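A.B. asks: This is the structure alone, sequence omitted:
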């Protein structure tokens, strides 16, 4: 039962780590693809 | 034995999660410092 509680906590921590890693990877991919980053279009983009 | 192995794996995963979170924070700080100049870059990052 102690191992089951620890495994639940470990699954939670692994989910949090995977979420953080996915966010970091998305940010890195966005920074890479920002080679153009048309701010004129981005105005309408993140206004709509 | 399985419980001890799972606890060790959970500790290693927590250490890896801490390291990955530190690395993600450092990468975000670097991207923000590169986006502070040309404020449109920081605006696009905030929009993303």
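C.D. replies: Perfect, thanks for sending it. Numbering: from 1, shown residues only, chains lettered A, B, ... in the order given.
A.B. asks: what packs against the lengthiest helix in chain A?
C.D. replies: Ordering each helix of chain A by length in residues (DSSP state H) puts helix A:2-33 first. Judged by 3 or more Cβ pairs under 8 Å, 6 or more residues apart in numbering or on different chains; DSSP states H and E, helix A:2-33 is in contact with helix B:2-36, helix B:39-47. (C-beta placed from N, C-alpha, C; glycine too.)
A.B. asks: near chain A at all, the last one?
C.D. replies: Yes - in terms of Cβ under 8 Å from any Cβ of the partner chain, part of helix B:39-47 sits within range of chain A, namely B:40, B:41, B:43, B:44, B:45, B:47.
A.B. asks: Count the neighbours of the nearest residue to the fifth one once chain neighbours are set aside for me.
C.D. replies: Of all residues beyond its chain neighbours, the one nearest residue B:45 is residue B:35 (5.4 Å), with distances taken as Cβ to Cβ, 6 or more residues apart in numbering or on different chains. Here the neighbour count serves as a burial measure; for residue B:35 (other Cβ atoms under 10 Å in any protein chain shown) it reads 20.
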